[PDB]
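As structure tokens, the structure follows; a few thoughts come after it.
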Amino acid sequence: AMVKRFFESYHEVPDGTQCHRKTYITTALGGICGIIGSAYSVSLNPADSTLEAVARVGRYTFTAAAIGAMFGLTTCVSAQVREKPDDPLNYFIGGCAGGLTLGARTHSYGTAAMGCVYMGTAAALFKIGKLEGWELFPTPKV
Amino acid sequence: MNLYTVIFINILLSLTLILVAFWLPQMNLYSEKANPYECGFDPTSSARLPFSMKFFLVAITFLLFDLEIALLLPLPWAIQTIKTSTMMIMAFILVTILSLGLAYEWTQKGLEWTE
Amino acid sequence: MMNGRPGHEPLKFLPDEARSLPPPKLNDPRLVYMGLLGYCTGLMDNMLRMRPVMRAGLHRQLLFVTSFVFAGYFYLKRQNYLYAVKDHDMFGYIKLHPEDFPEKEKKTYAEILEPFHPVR
Amino acid sequence: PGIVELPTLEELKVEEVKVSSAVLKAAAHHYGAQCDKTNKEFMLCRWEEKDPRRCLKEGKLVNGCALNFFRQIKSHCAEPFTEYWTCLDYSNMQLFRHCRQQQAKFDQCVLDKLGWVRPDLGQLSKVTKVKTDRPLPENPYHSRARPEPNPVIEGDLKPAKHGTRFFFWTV
Amino acid sequence: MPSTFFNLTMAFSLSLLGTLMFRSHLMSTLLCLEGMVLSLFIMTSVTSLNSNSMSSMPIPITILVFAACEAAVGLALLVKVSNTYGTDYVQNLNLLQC
Amino acid sequence: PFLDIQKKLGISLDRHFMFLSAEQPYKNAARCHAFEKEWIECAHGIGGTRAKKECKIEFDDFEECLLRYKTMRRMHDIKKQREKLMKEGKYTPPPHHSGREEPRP
Amino acid sequence: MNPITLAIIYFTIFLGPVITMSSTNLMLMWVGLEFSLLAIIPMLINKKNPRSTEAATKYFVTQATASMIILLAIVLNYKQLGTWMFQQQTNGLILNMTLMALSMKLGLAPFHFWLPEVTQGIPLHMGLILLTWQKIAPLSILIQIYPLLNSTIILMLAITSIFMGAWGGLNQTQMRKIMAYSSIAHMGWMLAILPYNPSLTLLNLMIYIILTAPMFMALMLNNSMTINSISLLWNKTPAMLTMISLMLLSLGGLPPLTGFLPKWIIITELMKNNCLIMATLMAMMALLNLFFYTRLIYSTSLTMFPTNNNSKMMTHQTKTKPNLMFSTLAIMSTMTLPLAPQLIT
Amino acid sequence: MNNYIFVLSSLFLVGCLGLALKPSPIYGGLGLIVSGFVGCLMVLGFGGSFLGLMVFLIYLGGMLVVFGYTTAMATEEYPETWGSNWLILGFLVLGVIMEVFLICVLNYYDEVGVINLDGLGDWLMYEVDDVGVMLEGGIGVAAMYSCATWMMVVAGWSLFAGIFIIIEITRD
Ligand SMILES: CCCCCCCCCCCCO[C@@H]1O[C@H](CO)[C@@H](O[C@H]2O[C@H](CO)[C@@H](O)[C@H](O)[C@H]2O)[C@H](O)[C@H]1O
Ligand SMILES: CCCCCCCCCCCCO[C@@H]1O[C@H](CO)[C@@H](O[C@H]2O[C@H](CO)[C@@H](O)[C@H](O)[C@H]2O)[C@H](O)[C@H]1O
Ligand SMILES: CCCCCCCCCCCCO[C@@H]1O[C@H](CO)[C@@H](O[C@H]2O[C@H](CO)[C@@H](O)[C@H](O)[C@H]2O)[C@H](O)[C@H]1O
Ligand SMILES: CCCCCCCCCCCCO[C@@H]1O[C@H](CO)[C@@H](O[C@H]2O[C@H](CO)[C@@H](O)[C@H](O)[C@H]2O)[C@H](O)[C@H]1O
Ligand SMILES: CCCCCCCCCCCCO[C@@H]1O[C@H](CO)[C@@H](O[C@H]2O[C@H](CO)[C@@H](O)[C@H](O)[C@H]2O)[C@H](O)[C@H]1O
Ligand SMILES: CCCCCCCCCCCCO[C@@H]1O[C@H](CO)[C@@H](O[C@H]2O[C@H](CO)[C@@H](O)[C@H](O)[C@H]2O)[C@H](O)[C@H]1O
Ligand SMILES: CCCCCCCCCCCCO[C@@H]1O[C@H](CO)[C@@H](O[C@H]2O[C@H](CO)[C@@H](O)[C@H](O)[C@H]2O)[C@H](O)[C@H]1O
Ligand SMILES: CCCCCCCCCCCCO[C@@H]1O[C@H](CO)[C@@H](O[C@H]2O[C@H](CO)[C@@H](O)[C@H](O)[C@H]2O)[C@H](O)[C@H]1O
């Protein structure tokens, strides 16, 4: 569908350029993950009322969207300032900024610090995968 | 078309009698008249409370026996087959196992109602 | 992967074409190890039943050793056959498709310029 | 993606056997004996050719044979035949067993006048052989050539070269 | 055929949605299973008729036979649930969280 | 099947009513018998992977026969073009399409 | 149960999977799965307490729902192609709901939530059947259509099962719940490799079964339902301490035990297909299983928990169990890695 | 008459919507009876006969047992109907509106795809053997006795084993 194409547009242009569009794409992706997580949370751990369920859906989605926005913005600004399109380090900085955001929203320096390292490493490895042609779900070959 | 026509007339006739019965007579609604009947004294509870079923096992046995007859109702077409011996054995085996199932439930006191 | 191959009998433990292969030695190291596992099974069974580990039930111990070796021999024959079929198919496929498997003429080290990386 | 070829309306004009089902059923037993050769030719064309457009010539001979059969009834046995099919037409299933009296009168007539013997029970349901100058269709399904099977690998079995070759296992 | 099969598939989807979205009565859910069975019976029957596949008409009957066995077991289980708790409510069936 | 017991014993518990072209009661051929017979026969002996590409003609024909997507669309187009012309007063259906035919036979 | 009932019900439990594995027709495969559900319910609820009633009911409603979705796929495919088997031309959505519904039948995550609860509510010998014999029929169907399955859904189910099997088993003090999470983790490995090499799915199934069967027999010996109960083994049946420890380490996939082989070979085959990222994630989180097995080994054979005075009366009594099937499976589930080439091809 | 089968399959859809909302099983049981009758009519409409009458007969028996079980084990003081709860009523009305919308939109985008409101009635019966005799659905079902005996073996076994199963489940 066109929704898939809207996500392929992230890679249509090199990193460090069109930072506005790349921030919308990652903000949208973060929001979707927040909606999925919120759905499982309210279904399996129901709230005391409907207004608390809806309140928790908004808390998860906006927090997840905020993490995706900070990751997408920081990654592009970092590549723009450093003039290094193909550097996995730009993605590590963005993933750390996302990890710091998660800690700031949940009021936890341990989640900020632990979030920064794990999310930075995951984002840096994603860039290495994009550069080196790794497949997440390869089809059978042999 | 004809079967649809007559059944609609049957529905039409029944509904007309209901409308006549509800709009022709003189009415006089008051609370004591419309309260539920129970031999002149008031009910002590709802009629909507659980009513125990002592033949519940016979009832769910009837579900299985009703699919057994569904397997038997093609027999008028099946007796037309060239493969008469095969059909006959299948029908004999089907009836016999159903009999054995009934015999087992009978000897297990499954047809006795619970107390 | 091999199940749908030509001339595949269903549920045949040892196809007759397997009788061209050399049978395993009765003292094959894999069959000797099988018999050792059967011996361990007998000893473990004695332990679990609070019996003298080495002494009790030598008839039971002997049956454990013989069953493991007996089963292992026939299973080893089947495994030998499956590996032989795999090579028979692989090489046969290579011959039917010589364009996918060219002989690569390799160059001597007199012509190859490997980069030197000084250690220092 | 080809054009489907259809015969013209002019090619499909025939003299219709436009009599009712009781008329056909009343005459059906003698009709089956009298027009068998033409009827079996047409049915062999249809089952061999699997195409109604390839059997139009034989279909028209079926109609002409049926009209020649009924004109023989009309000229010799009109009144016994009319009394029979009218009685047969009364029944909701057009059953033979309600008009045995009228059937016998018709059967006797076509026997004396035309020599027609009614076939016995079982005779019309037989499979029969028919002779035809029409060639046998060679590819009635218009099927393509089948794809060629995979080449088979031949030779005797040898042991796996260097054993299983599974990592560090020697054998 | 096209529009009938669309509506029948939607009817199955609704019955499955009914199965997946519990209310209180276990019996109401057992009825939703019978709804899915009913939809699948008609879909199989209509397909066999539309293709003139007379050798497949045994299959819809076998669908009902095993559905009857499934429904009989479901009701048998419901008797057990009612005996324990005096209702068929599914919120009581929560002892196995610990 | 996962276990080919039926093939090993040479019996048929459920192999013989697997598709449209199978044996039918009283020899009443199912819809698309000839197309399914052609598709099954093209595919035989070459395996599923090859059959997908090399029997593509037979499968498409059989698929069209059974589901009739193209037949339904083609008739929809003719009937839609007829609706447009009749409203514009440029087409008049013949008597035999209006219920006043000369019936055959 | 009287003997006639046992024979009929156990025969039907055996029959269902045999029908599924031998059937060409997808409807007869579904019939086989129907026999399994119906026949196992009376065994699940045989002891008749509120927990067994809960377990049998939760098992019934999950399994019956999954069975309807499987039937929908079969009927939709019959509508599409006029046949009773899935083909290369079967609509991909039809195949994806088959995969979804079969994975719910197997208890793969995220359709796993029922399985630890049902296993907890039933006798150990029924948990054994639930986690071994009852896996074969749904897996057998999947193996038949392995070229048709979507690798994306499989890997996502597989990694989810390994992750939740791991974290799930980490919080358990109940043995029946630990085995259920061990089942889910191992099913995640079986499924990951199915679209690439279904023979390695069967290799993992066999090794899982011969590990799980003697583990259940060891629990059955004293009816040890909790960590604290199994921690009394040193006083009740100390001879079992060696084999339980090795079976637990084998279930965790520690070399040089037989249970290392399925994880090793599946990683090898996944990386022959460039499935490097999933294989790395799978192998890393499988270490979390070894943690809770080790904690279990700590409380049984490597330390001695406090015992009680009544246990002395147990030491006066003779036992007649385990049968010699325990020793055979226990040895072959731990000491057969040297024979690895004969198990994969 | 060209809308006849679409109307029936549309009624069937509403019946399953009513069942899905799960009022008291009394009205759920009634909903399945009406859907079963509507389902019988659809099978008849496609040229069926035996199969349509079977499924109605089986479901008439099945819901009578469910009625008996409902009055004993699934009843409350105030059984719910479709109208009793505003929330259930709203989703009943909204569900019907979404059916009209879904059929309307799908008609627009494809016009001949899943929905073909222009061609209703033209694609019900495809082929019919005009001069045939042995064609009714009962003949096909009867092949269980001759050509498809394995289908009847498994069906018979499941009913037989079902007796032993339900006796075990229900004993105390
Ligand atoms: C907060 C840190 C989080 C660490 C986790 C890893 C973060 C990195 C992922 C986000 C990167 C940008 O987002 C990523 O790029 C775009 C979004 O438009 C999409 O990119 C990809 O899409 C599809 C996958 O469906 C591929 O076939 C395509 O070739 C590629 O462009 C991905 O779906 C998304 O994952
Ligand atoms: C490039 C570096 C950029 C640095 C900024 C990004 C890092 C973000 C770190 C977020 C830290 C978490 O945020 C911090 O959480 C603590 C948790 O004690 C909370 O702190 C506040 O509330 C808590 C309890 O709620 C009290 O105990 C505490 O005394 C008070 O200060 C605040 O919410 C915030 O001060
Ligand atoms: C601590 C967590 C990390 C664990 C580390 C795991 C081991 C180390 C990872 C090394 C990364 C492998 O690096 C990757 O290897 C694969 C597989 O050969 C190759 O990558 C390529 O493989 C084949 C060609 O052979 C292509 O079809 C494929 O699309 C592409 O990914 C490259 O060599 C490199 O992109
Ligand atoms: C545990 C369940 C036990 C109950 C089931 C027992 C079933 C056993 C049935 C035994 C009776 C079979 O009876 C059998 O009938 C067939 C026809 O039907 C007879 O068959 C005879 O007539 C048929 C025509 O129908 C001829 O084609 C055949 O050559 C001739 O043998 C056999 O001579 C007789 O032996
Ligand atoms: C478990 C696998 C191995 C066994 C294989 C199965 C075959 C078993 C054969 C022995 C079975 C006989 O088992 C026997 O069954 C009958 C059923 O009629 C029961 O008997 C039943 O009917 C008789 C009638 O006189 C009465 O005892 C009573 O009404 C009822 O119990 C017996 O109490 C039981 O002893
Ligand atoms: C690759 C290398 C393979 C290493 C193999 C591992 C060997 C097994 C390790 C687990 C050890 C089993 O655990 C060990 O069991 C023995 C009995 O057998 C116990 O033995 C001791 O206690 C028991 C009672 O508890 C006494 O009856 C016994 O006489 C005494 O020696 C040990 O206290 C316990 O620690
Ligand atoms: C719960 C009950 C639900 C009721 C659902 C709605 C029932 C009414 C169905 C309306 C659907 C379309 O219904 C009717 O379809 C026929 C085909 O048979 C169309 O057919 C007619 O008009 C269209 C063009 O407008 C052409 O096909 C042609 O001129 C003529 O055949 C009708 O124009 C349309 O009105
Ligand atoms: C472990 C439990 C299972 C054992 C119990 C069941 C025993 C088997 C009894 C059912 C026997 C079915 O037996 C099977 O019947 C069918 C017809 O139905 C025969 O089928 C034969 O006639 C049909 C008629 O259409 C042909 O199309 C088919 O090609 C031909 O094989 C099989 O050749 C025979 O093998």
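Chain letters run A, B, ... following the sequence lines, proteins first, then strands; residues in each count from 1. Heavy atoms only: backbone and side chains are in, while hydrogens, waters and symmetry mates are out.
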Segment of [X] engaging chain H (4.5 angstrom heavy-atom cut-off):
| X | result |
| --- | --- |
| E/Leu75 | both |
| E/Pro58 | both |
| E/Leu8 | side chain |
| E/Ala71 | neither |
| E/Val81 | neither |

Heavy-atom pair of closest approach, residues [X] and [Y]:
| X | Y | answer |
| --- | --- | --- |
| E/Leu31 | H/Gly29 | CD1-N, 3.5 Å |
| E/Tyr89 | H/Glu76 | OH-OE1, 3.4 Å |
| H/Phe91 | H/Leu17 | O-CD1, 4.4 Å |
| E/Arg23 | E/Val90 | O-CG2, 3.7 Å |

When you measure from the side chain of E/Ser28 to the backbone of H/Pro23, do you find a donor-acceptor pair of N or O atoms at a distance under 3.5 Å? yes

In terms of heavy-atom pairs under 4.5 Å, which option from E/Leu64, E/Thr87, E/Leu17 contacts chain H the most? E/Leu64

For the candidates E/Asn50, E/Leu26, E/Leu77, which exhibits the highest count of non-hydrogen atom pairs separated by less than 4.5 Å from chain H? E/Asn50

Side chain, backbone, both or neither of H/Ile58 within contact of chain E (heavy atoms, under 4.5 Å): side chain

Quick one: do the H/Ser84 and H/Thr81 side chains pair a donor with an acceptor below 3.5 Å? yes

Between H/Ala143, H/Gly39, H/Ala72, H/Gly62, the one whose heavy-atom pairs under 4.5 Å with chain E are most numerous: H/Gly39

Between H/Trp123 and H/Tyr126, what is the ring plane arrangement, given parallel below 30°, perpendicular above 60°, and tilted in between? perpendicular

